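**Student:**
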Amino acid sequence: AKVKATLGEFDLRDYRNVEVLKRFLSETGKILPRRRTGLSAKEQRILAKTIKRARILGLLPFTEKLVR
Amino acid sequence: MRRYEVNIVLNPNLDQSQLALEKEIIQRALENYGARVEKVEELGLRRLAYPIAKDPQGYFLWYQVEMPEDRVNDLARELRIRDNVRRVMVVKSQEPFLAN
Amino acid sequence: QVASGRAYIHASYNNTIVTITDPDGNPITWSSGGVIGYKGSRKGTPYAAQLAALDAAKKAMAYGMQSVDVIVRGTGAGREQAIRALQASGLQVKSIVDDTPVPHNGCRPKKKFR
Amino acid sequence: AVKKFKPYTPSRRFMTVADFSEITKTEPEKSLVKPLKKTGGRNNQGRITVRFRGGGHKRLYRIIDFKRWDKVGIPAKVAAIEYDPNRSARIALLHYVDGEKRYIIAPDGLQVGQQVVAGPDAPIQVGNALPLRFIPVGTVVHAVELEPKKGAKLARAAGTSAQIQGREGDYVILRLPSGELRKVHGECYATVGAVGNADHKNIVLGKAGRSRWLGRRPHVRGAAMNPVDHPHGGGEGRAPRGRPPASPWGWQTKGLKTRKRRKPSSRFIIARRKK
Amino acid sequence: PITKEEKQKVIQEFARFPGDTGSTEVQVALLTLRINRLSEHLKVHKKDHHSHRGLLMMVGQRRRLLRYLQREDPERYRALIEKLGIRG
RNA sequence: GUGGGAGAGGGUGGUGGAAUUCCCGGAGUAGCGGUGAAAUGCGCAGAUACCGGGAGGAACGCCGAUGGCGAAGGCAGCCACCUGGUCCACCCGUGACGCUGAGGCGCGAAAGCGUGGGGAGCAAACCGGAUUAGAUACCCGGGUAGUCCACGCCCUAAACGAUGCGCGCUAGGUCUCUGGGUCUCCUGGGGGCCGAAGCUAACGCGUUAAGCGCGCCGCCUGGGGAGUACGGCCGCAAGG
Ligand SMILES: [Mg+2]
Ligand SMILES: [Mg+2]
Ligand SMILES: [Mg+2]
Ligand SMILES: [Mg+2]
Ligand SMILES: [Mg+2]
Ligand SMILES: [Mg+2]
Ligand SMILES: [Mg+2]
Ligand SMILES: [Mg+2]
Ligand SMILES: [Mg+2]
Ligand SMILES: [Mg+2]
Ligand SMILES: [Mg+2]
Ligand SMILES: [Mg+2]
Ligand SMILES: [Mg+2]
Ligand SMILES: [Mg+2]
Ligand SMILES: [Mg+2]
Ligand SMILES: [Mg+2]
Ligand SMILES: [Mg+2]
Ligand SMILES: [Mg+2]
Ligand SMILES: [Mg+2]
Ligand SMILES: [Mg+2]
Ligand SMILES: [Mg+2]
Ligand SMILES: [Mg+2]
Ligand SMILES: [Mg+2]
Ligand SMILES: [Mg+2]
Ligand SMILES: [Mg+2]
Ligand SMILES: [Mg+2]
Ligand SMILES: [Mg+2]
Ligand SMILES: [Mg+2]
Ligand SMILES: [Mg+2]
Ligand SMILES: [Mg+2]
Ligand SMILES: [Mg+2]
Ligand SMILES: [Mg+2]
Ligand SMILES: [Mg+2]
Ligand SMILES: [Mg+2]
Ligand SMILES: [Mg+2]
Ligand SMILES: [Mg+2]
Ligand SMILES: [Mg+2]
Ligand SMILES: [Mg+2]
Ligand SMILES: [Mg+2]
Ligand SMILES: [Mg+2]
Ligand SMILES: [Mg+2]
Ligand SMILES: [Mg+2]
Ligand SMILES: [Mg+2]
Ligand SMILES: [Mg+2]
Ligand SMILES: [Mg+2]
Ligand SMILES: [Mg+2]
Ligand SMILES: [Mg+2]
Ligand SMILES: [Mg+2]
Ligand SMILES: [Mg+2]
Ligand SMILES: [Mg+2]
Ligand SMILES: [Mg+2]
Ligand SMILES: [Mg+2]
Ligand SMILES: [Mg+2]
Ligand SMILES: [Mg+2]
Ligand SMILES: [Mg+2]
Ligand SMILES: [Mg+2]
Ligand SMILES: [Mg+2]
Ligand SMILES: [Mg+2]
Ligand SMILES: [Mg+2]
Ligand SMILES: [Mg+2]
Ligand SMILES: [Mg+2]
Ligand SMILES: [Mg+2]
Ligand SMILES: [Mg+2]
Ligand SMILES: [Mg+2]
Ligand SMILES: [Mg+2]
Ligand SMILES: [Mg+2]
Ligand SMILES: [Mg+2]
Ligand SMILES: [Mg+2]
Ligand SMILES: [Mg+2]
Ligand SMILES: [Mg+2]
Ligand SMILES: [Mg+2]
Ligand SMILES: [Mg+2]
Ligand SMILES: [Mg+2]
Ligand SMILES: [Mg+2]
Ligand SMILES: [Mg+2]
Ligand SMILES: [Mg+2]
Ligand SMILES: [Mg+2]
Ligand SMILES: [Mg+2]
Ligand SMILES: [Mg+2]
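This is the structure:
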């Protein structure tokens, strides 16, 4: 169920792309590992390094509670 | 001159009039600093991932610009001066990096 | 008297504290390992935590509570047993969520956590 | 900066002097000075009522503007920065476009040749004056009034600054130079920025004579006196205090609080100071 | 940074023959350019020790060429360092 | 030179949230805390646990990696400015301009020192409680320097790869990071593992040599006494 597949063309720099990006954050809000996002080394850097921005502007969470 | 993307969030709970005023302060400020507006996109409110100034929602702005390198810092300071502006974040505009 | 509320379980290595509150977040009653009659190390055991959550809910059901949402903090032994106790208590347990504090590398810990 | 001397005399070895770099005018503006009545620390009865005062340099008193809401909306240029013997801080000569001239105490960062203005509408930049309510919460400020139109009373000494903390109805919340947390009325004017000459405290007077120039005569210890003169008086040889350390007048002098408890301004002080 | 344009003028005013990039002349001149800017950068940023090494390398670099240039044509050596204002 | 690239490389200025602490309002009751078990301690003068408000400082969770960068020490939220090294492709420019390096000069973790700030957490010294024959310790409750910021000192280390720099030559397999191509794969440059030949007292090294060779430098000459003494230079002192 690797996330990269379940999406088409996307830009790893558009930090306002909240709807797309919000998949790359686990159920608990944490940035997902390369073993789940399917991104290569080089790409996961741009992925994270933008996700952080999107949090700052208020569009992504820093953390979430965990419901069972 | 270089290309940047001014992002700004405002007090969501204003009237439409005062809202324009802050933009009037903003727009006059951009001009005072030699900013040149290119694209510009105004999405307004958006449900926030977390409260900013204890407020679940917030009004957005955004303008791609062209202005001098040395002046962006001094501008953001001036951009942040109003008690209603709540976040400013100028990012160097860079070409899209694509997957798939 | 209130219908719905919340249950807070502070479950640590040394003790398990259970507090039931109202909707706005105000405590109604509390109980814990000490309250039910243990001292020392016994305060923290799962059986101890059980008596706590039960006595806590017993006290809470006295004032009219029926349905709560359970809030969990801490990686205690008597955490999971306390969770049991509340569901089996006579209460409705609408939902269970873990809001344990985790720092993003903040204050230097005591030497025992290094 | 602070200027040292080579140890060519025993007293020069430690003595340090102010750097005076910010000064551009070595003469006070005549139409703003008046003579200082030296008192020697003696009152209208002629009695010393503040011991050990007198014999310092002569001084011309510079008339300072501690109001500023006096001239709202009229800007002024900073013509010079001058030495004022009556304070720690430096002073700024303003030429109003009004033509009128005034002094204010000089903030840090002020430039010779820049402009400043006072009022509800002033930009929040160094040297401007506004009622406290219109200064953004968190910016540091000086020359603060204590009650509206009563004059700037707080943060006036070199290097000092007060800082706005938050608001509560008609009142704003200041952290004073001492760290005390106080409510001040929002109509109290204040000037954005801190006072300059912050290097002031690092000045080493250097010898007895310097203090003398400052009009400060020698202070004699209680322990060096006789019982008639002082609680610590007398004893054969040196002596410890032998009672709680006391003033010449007998009150306890290590620790004992003296603020009047029932003082009406108590409703306005949130937290007494620190350190 | 230094810009493309700003740099060309240097390349253009020092080239030995019409097409020249990177003769000792141009080489030194290009180096003298980044040196004098870094010097001014360190004048403000006194705590940028890492970039000082860069400077010391460039200063070192320009030095070794000047020795080369001064060795082959002395007349030409003194000519370049006058237009660049260099000795001390 | 031209054209591109990756990066916690360095300096300045800002700014985001998580958490700890203290303060304030609420609501609430008989315990909380801590250990192997305990005590000290805190708590009806209302603690803990929970909700709201506020203050301040320090460090940046997930990403994060057997990863990246730097000459070394070392460098990790994010944003802008200023700046260094370095790789790649084109094969365009100069024409041996190179290598090394006694002295010199600069950089240099922590602790430490000077003047001034700052001080939430942590914590030498110190106090108290336990343990014990004793416990000037290990464990628990407190706690000051300091840890943070600016400027100026100190210059040490298991400052390590215990491996000086540069160049050339001597099988390959595989994993990874980062450029470029004719994108199976080929070619460069870094980071690991196993291995040809060879080296090694052995362990192990092996195109990142500890192999075969050249250049220049630093260093060793039985253990202790001793990194001591004396002299000398450096430092505020510690001390180098
Ligand atoms: Mg604001
Ligand atoms: Mg316990
Ligand atoms: Mg402690
Ligand atoms: Mg000065
Ligand atoms: Mg001196
Ligand atoms: Mg002198
Ligand atoms: Mg001198
Ligand atoms: Mg003498
Ligand atoms: Mg002397
Ligand atoms: Mg002075
Ligand atoms: Mg002086
Ligand atoms: Mg001065
Ligand atoms: Mg007169
Ligand atoms: Mg007078
Ligand atoms: Mg009289
Ligand atoms: Mg009389
Ligand atoms: Mg007196
Ligand atoms: Mg007197
Ligand atoms: Mg003065
Ligand atoms: Mg002094
Ligand atoms: Mg005097
Ligand atoms: Mg005195
Ligand atoms: Mg005396
Ligand atoms: Mg005496
Ligand atoms: Mg006597
Ligand atoms: Mg008498
Ligand atoms: Mg008497
Ligand atoms: Mg007496
Ligand atoms: Mg006596
Ligand atoms: Mg006598
Ligand atoms: Mg005596
Ligand atoms: Mg006698
Ligand atoms: Mg005597
Ligand atoms: Mg005696
Ligand atoms: Mg005596
Ligand atoms: Mg004596
Ligand atoms: Mg006596
Ligand atoms: Mg005494
Ligand atoms: Mg006595
Ligand atoms: Mg006595
Ligand atoms: Mg008053
Ligand atoms: Mg170079
Ligand atoms: Mg030369
Ligand atoms: Mg309370
Ligand atoms: Mg009572
Ligand atoms: Mg709270
Ligand atoms: Mg490297
Ligand atoms: Mg060629
Ligand atoms: Mg040397
Ligand atoms: Mg050091
Ligand atoms: Mg240190
Ligand atoms: Mg000491
Ligand atoms: Mg210190
Ligand atoms: Mg101090
Ligand atoms: Mg003890
Ligand atoms: Mg004992
Ligand atoms: Mg002890
Ligand atoms: Mg301890
Ligand atoms: Mg000290
Ligand atoms: Mg220290
Ligand atoms: Mg190592
Ligand atoms: Mg190495
Ligand atoms: Mg060694
Ligand atoms: Mg050895
Ligand atoms: Mg060497
Ligand atoms: Mg060798
Ligand atoms: Mg490749
Ligand atoms: Mg490629
Ligand atoms: Mg390789
Ligand atoms: Mg590595
Ligand atoms: Mg091997
Ligand atoms: Mg073999
Ligand atoms: Mg290989
Ligand atoms: Mg060997
Ligand atoms: Mg011998
Ligand atoms: Mg020997
Ligand atoms: Mg020695
Ligand atoms: Mg030693
Ligand atoms: Mg000696």
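Residue numbers (the deposited numbering), protein chains in the order written: chain 1r, 20 to 87; chain 1f, 1 to 100; chain 1k, 13 to 126; chain 1D, 2 to 276; chain 1o, 2 to 89. For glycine and all other residues, C-beta sits at the position ideal for the given N, C-alpha and C.
Where do the ends of the alpha helix (DSSP H) carrying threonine 56 (chain 1r) lie?
**Tutor:** Translated into positions along the first sequence, residue 56 (chain 1r) becomes position 37. First-last of the alpha helix (DSSP H) with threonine 56 (chain 1r): 53-56.
**Student:** Are the beta-carbon atoms of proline 58 (chain 1k) and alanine 89 (chain 1k) separated by less than 7 Å?
**Tutor:** The count along the third sequence starts at 1 and reaches residue 58 (chain 1k) at position 46. The count along the third sequence starts at 1 and reaches residue 89 (chain 1k) at position 77. Yes, the pair counts as a contact, with Cβ atoms nearer than the cut-off.
**Student:** At the level of alpha carbons, what is the spacing between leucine 51 (chain 1r) and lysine 84 (chain 1r)?
**Tutor:** Within the first sequence, the letter at position 32 stands for residue 51 (chain 1r). Within the first sequence, the letter at position 65 stands for residue 84 (chain 1r). Rounded to the nearest angstrom, the two C-alpha atoms are 16 Å apart.
**Student:** Use the C-beta contact count for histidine 231 (chain 1D): other C-beta atoms within 10 angstroms, 16 or more gives buried, fewer gives exposed.
**Tutor:** If you number the fourth sequence from 1, residue 231 (chain 1D) lands on position 230. The residue in question, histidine 231 (chain 1D), is buried, as its Cβ has 16 or more Cβ neighbours within 10 Å.
**Student:** Could you please give the first and the last residue of the uninterrupted alpha helix (DSSP H) stretch that includes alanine 76 (chain 1f)?
**Tutor:** Walking along the second sequence from the start, residue 76 (chain 1f) turns up at place 76. From DSSP, the alpha helix (DSSP H) with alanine 76 (chain 1f) extends over 72-79.
**Student:** DSSP three-state label for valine 47 (chain 1k), please.
**Tutor:** Walking along the third sequence from the start, residue 47 (chain 1k) turns up at place 35. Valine 47 (chain 1k): coil per DSSP, three-state reduction.
**Student:** For ligand 28, any of its heavy atoms closer than 6 Å to the Cβ of residue 1 (chain 1D)?
**Tutor:** Limits of chain 1D in this structure are 2 at one end and 276 at the other, which puts residue 1 (chain 1D) out of reach.
**Student:** Along chain 1r, in chain order, which residues have C-beta atoms closer than 8 Å to that of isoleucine 108 (chain 1k)?
**Tutor:** Counted from its first residue, the third sequence places residue 108 (chain 1k) at position 96. Those are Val86 and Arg87, listed as they occur along chain 1r.
**Student:** So what does DSSP say about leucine 131 (chain 1D), is it helix, strand or coil?
**Tutor:** Here the question's residue 131 (chain 1D) lines up with position 130 in the fourth sequence. Residue state, collapsed to three classes: strand.
**Student:** Below 7 Å between beta carbons: does that hold for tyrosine 84 (chain 1D) and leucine 33 (chain 1D)?
**Tutor:** As a first step, residue 84 (chain 1D) is located in the fourth sequence; it is residue number 83 there, counting from the start. As a first step, residue 33 (chain 1D) is located in the fourth sequence; it is residue number 32 there, counting from the start. Their beta carbons are not under 7 Å apart, which means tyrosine 84 (chain 1D) does not touch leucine 33 (chain 1D) by this criterion.
**Student:** Can you name the residues of chain 1f whose CB is closer than 9 Å to the CB of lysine 23 (chain 1r)?
**Tutor:** Within the first sequence, numbered from 1, the residue matching residue 23 (chain 1r) stands at position 4. Ordered by position in chain 1f, the residues that pass the 9 Å Cβ test against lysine 23 (chain 1r) are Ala99 and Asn100.
**Student:** Name the two residues that bound the continuous beta strand (DSSP E) containing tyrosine 63 (chain 1f).
**Tutor:** Walking along the second sequence from the start, residue 63 (chain 1f) turns up at place 63. Taken as a continuous stretch (DSSP letters only), the beta strand (DSSP E) holding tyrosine 63 (chain 1f) covers 59-67.
**Student:** Mind listing which residues of the region 49-79 of chain 1f have their C-beta closer than 7 Å to chain 1r's C-betas, in chain order?
**Tutor:** Against chain 1r - using a Cβ distance shorter than 7 Å - the residues of the region 49-79 of chain 1f are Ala49, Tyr50, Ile52 and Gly58.
**Student:** Figure out for me which residue from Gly52 (chain 1k), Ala97 (chain 1k) and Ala74 (chain 1k) has the closest Cα to the Cα of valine 82 (chain 1k).
**Tutor:** Translated into positions along the third sequence, residue 82 (chain 1k) becomes position 70. Nearest of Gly52 (chain 1k), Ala97 (chain 1k) and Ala74 (chain 1k) to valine 82 (chain 1k), Cα basis: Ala97 (chain 1k).
**Student:** Counting only C-beta atoms, is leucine 40 (chain 1r) closer than 7 Å to chain 1f at any point?
**Tutor:** Position 21 of the first sequence holds residue 40 (chain 1r). Chain 1f, which has no Cβ nearer than 7 Å to the Cβ of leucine 40 (chain 1r), makes this no.
**Student:** Hey, which unbroken runs of the alpha helix (DSSP H) at 4 residues or more fall wholly within the region 53-95 of chain 1k?
**Tutor:** Complete alpha helix (DSSP H) runs here, min 4: 58-74.
**Student:** Please go through the same chain and pick out, in chain order, the residues whose beta-carbon is closer than 7 Å to the beta-carbon of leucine 48 (chain 1f), but skip the five residues on each side of it.
**Tutor:** Stepping through the second sequence from its first residue, residue 48 (chain 1f) is reached at position 48. Excluding residues within five positions, the ones whose Cβ falls inside 7 Å are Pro56, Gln57 and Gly58.
**Student:** Along the alpha helix (DSSP H) that carries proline 75 (chain 1o), what are the first and last residues, could you check?
**Tutor:** The residue given as residue 75 (chain 1o) occupies position 74 in the fifth sequence. Looking at the DSSP string, the run of the alpha helix (DSSP H) that includes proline 75 (chain 1o) is 75-84.
**Student:** What are the residues in the region 26-42 of chain 1f lying within 8 Å of chain 1r by C-beta distance?
**Tutor:** So nothing in the stretch comes that close.
**Student:** Can the beta-carbon of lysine 26 (chain 1D) be found less than 7 Å from the beta-carbon of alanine 81 (chain 1D)?
**Tutor:** Numbered from its first residue, the fourth sequence carries residue 26 (chain 1D) at position 25. Numbered from its first residue, the fourth sequence carries residue 81 (chain 1D) at position 80. Contact: yes.
**Student:** Taking the alpha carbon of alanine 2 (chain 1D) as the point to measure from, which residue in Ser12 (chain 1D), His233 (chain 1D), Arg222 (chain 1D) and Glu23 (chain 1D) has its own alpha carbon closest?
**Tutor:** Counted from its first residue, the fourth sequence places residue 2 (chain 1D) at position 1. Nearest option by C-alpha distance: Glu23 (chain 1D).
**Student:** Can you tell me where the beta strand (DSSP E) with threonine 33 (chain 1k) in it begins and where it stops?
**Tutor:** Here the question's residue 33 (chain 1k) lines up with position 21 in the third sequence. Where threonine 33 (chain 1k) is concerned, the enclosing beta strand (DSSP E) stretches over 28-33.
**Student:** For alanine 199 (chain 1D), tell me which candidate among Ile92 (chain 1D), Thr161 (chain 1D) and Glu30 (chain 1D) has the shortest Cα-Cα distance.
**Tutor:** Start at 1 with the first residue of the fourth sequence, and residue 199 (chain 1D) comes out as number 198. If we check each option's Cα against that of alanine 199 (chain 1D), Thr161 (chain 1D) comes out closest.
**Student:** What whole-angstrom Cβ distance do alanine 163 (chain 1D) and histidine 143 (chain 1D) have, given they're in contact under 8 Å?
**Tutor:** The sequence position of residue 163 (chain 1D) within the fourth sequence is 162, counting from 1. The sequence position of residue 143 (chain 1D) within the fourth sequence is 142, counting from 1. Going by Cβ atoms, the distance from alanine 163 (chain 1D) to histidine 143 (chain 1D) rounds to 7 Å, so yes, they are a contact pair.
**Student:** From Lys39 (chain 1f), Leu79 (chain 1f) and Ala29 (chain 1f), pick the residue whose C-alpha is nearest to that of residue 103 (chain 1f); which is it?
**Tutor:** The question about residue 103 (chain 1f) has no answer, for chain 1f in this structure spans 1 to 100.
**Student:** In this structure, how does DSSP classify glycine 17 (chain 1k) when only helix, strand and coil are distinguished?
**Tutor:** The count along the third sequence starts at 1 and reaches residue 17 (chain 1k) at position 5. Three-state DSSP puts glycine 17 (chain 1k) in a strand.
**Student:** Could you have a look at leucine 56 (chain 1o) and say whether DSSP puts it in helix, strand or coil?
**Tutor:** One-based indexing of the fifth sequence puts residue 56 (chain 1o) at position 55. Three-state DSSP puts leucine 56 (chain 1o) in a helix.
**Student:** Hey, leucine 31 (chain 1r) and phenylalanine 97 (chain 1f): beta-carbon distance below 7 Å or not?
**Tutor:** Within the first sequence, residue 31 (chain 1r) is the residue found at index 12, counting from 1. Within the second sequence, residue 97 (chain 1f) is the residue found at index 97, counting from 1. Yes, the Cβ-Cβ distance between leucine 31 (chain 1r) and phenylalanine 97 (chain 1f) is below 7 Å.
**Student:** List the whole-angstrom C-beta distance separating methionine 1 (chain 1f) from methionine 89 (chain 1f), where the pair is believed to meet the contact cut-off of C-beta under 8 Å.
**Tutor:** Against the second sequence, residue 1 (chain 1f) aligns to sequence position 1. Against the second sequence, residue 89 (chain 1f) aligns to sequence position 89. 20 Å between Cβ atoms; not a contact.
**Student:** Using 8 Å as the threshold, is the region 9-27 of chain 1o in touch with the region 209-227 of chain 1D, meaning 3 or more CB pairs across them?
**Tutor:** No, because fewer than three Cβ pairs between the region 9-27 of chain 1o and the region 209-227 of chain 1D fall closer than 8 Å, the two stretches do not touch.
**Student:** What three-state label does DSSP hand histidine 201 (chain 1D) in the structure shown?
**Tutor:** Start at 1 with the first residue of the fourth sequence, and residue 201 (chain 1D) comes out as number 200. Reduced to three states, the DSSP call for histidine 201 (chain 1D) is helix.
**Student:** Tell me whether the beta-carbon of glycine 180 (chain 1D) lies closer than 7 Å to the beta-carbon of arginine 273 (chain 1D).
**Tutor:** Your numbering for residue 180 (chain 1D) matches position 179 in the fourth sequence. Your numbering for residue 273 (chain 1D) matches position 272 in the fourth sequence. Not in contact: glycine 180 (chain 1D) and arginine 273 (chain 1D) (Cβ atoms no closer than 7 Å).
**Student:** Verify whether the separation of the beta carbon atoms of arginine 168 (chain 1D) and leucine 175 (chain 1D) is less than 7 Å.
**Tutor:** Along the fourth sequence, one-based indexing puts residue 168 (chain 1D) at 167. Along the fourth sequence, one-based indexing puts residue 175 (chain 1D) at 174. No. Outside cutoff.
**Student:** Does the Cβ-Cβ distance between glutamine 28 (chain 1o) and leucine 56 (chain 1o) come in under 7 Å?
**Tutor:** Position 27 of the fifth sequence holds residue 28 (chain 1o). Position 55 of the fifth sequence holds residue 56 (chain 1o). No, these two residues do not count as a Cβ contact at 7 Å.
**Student:** Given this structure, state the Cα-to-Cα distance separating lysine 264 (chain 1D) from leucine 147 (chain 1D), to the nearest angstrom.
**Tutor:** As a first step, residue 264 (chain 1D) is located in the fourth sequence; it is residue number 263 there, counting from the start. As a first step, residue 147 (chain 1D) is located in the fourth sequence; it is residue number 146 there, counting from the start. Computed Cα separation, rounded: 15 Å.
**Student:** Residues of chain 1f with a CB under 7 Å from the CB of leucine 79 (chain 1r): which are they?
**Tutor:** What you label residue 79 (chain 1r) is simply residue 60 of the first sequence in a count that begins at 1. Those are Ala49, listed as they occur along chain 1f.
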